[PDB]
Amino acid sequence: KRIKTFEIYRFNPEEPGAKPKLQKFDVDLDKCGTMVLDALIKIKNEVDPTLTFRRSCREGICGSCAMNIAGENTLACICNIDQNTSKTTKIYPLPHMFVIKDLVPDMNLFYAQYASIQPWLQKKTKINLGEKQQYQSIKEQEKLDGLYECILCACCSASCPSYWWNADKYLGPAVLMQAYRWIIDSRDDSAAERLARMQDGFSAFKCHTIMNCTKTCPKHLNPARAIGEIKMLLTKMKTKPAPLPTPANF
């Protein structure tokens, strides 16, 4: 029978003088679903209920289950178990995050940084809120493709060595691509102020074009590109085009 071994990072913050450990678990691939989350759930359920990880959705849309599997940041729920039973799969928390317990990192800086970009629509002229749709052309909303799909999982940011060293001052790929998402939205009027929040030497410019972010993104998005775009706008090599004018009959 096909017995796959997983080596899983463990940490118990309630034991005095506790250190992180690596724990091997054996799992029968013929009695388990095809994804790594399935194995985590099977282990928790059938061997060790103290095994602790985040999860919710089953189809890679929630972002809860981000972790490092076989050296790469991904989502457990859509990462196929490697069926080569002669090799072990290592499972670690998202790199360089403070761990609360086992595979659960503290996510609150990531979230606070997201908050800081002011991820909401901003208008110069006050709008009557329920009254009418704002105009946006197909071509203009399609600029958001590649951008709006982000599930805020933090695989990209926890893959970035510059974010590893300077998370307190470097906003990281996830938050920067969202900041760009609000900057290139033709309906949003605050592009210049959004740019000025990350004008300093660290916020955006500590991207050293390492490219791990785009490489590891489980949704196949490209934070690297969006940061290059931010760099261009910040250096004034590029501008945000003006909105297309709203037709007379709209």
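When you see a residue number, it is the position in the sequence shown, counting from 1.
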Stretch with the higher entry mean CA B-factor, where the candidates are 107-115 and 83-91: 83-91
Between the two ranges 153-161 and 132-140, the one averaging a larger CA B factor in the entry: 132-140
Chain-relative CA temperature factor third for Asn166: middle
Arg58, C-alpha B-factor rank within chain (lowest, middle or highest third): highest
Record-listed C-alpha B factor of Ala192: chain third: highest
Where the record places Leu176 (Cα B-factor, split into thirds across the chain): lowest
Within-chain third of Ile210 by Cα B-factor, per the entry: lowest
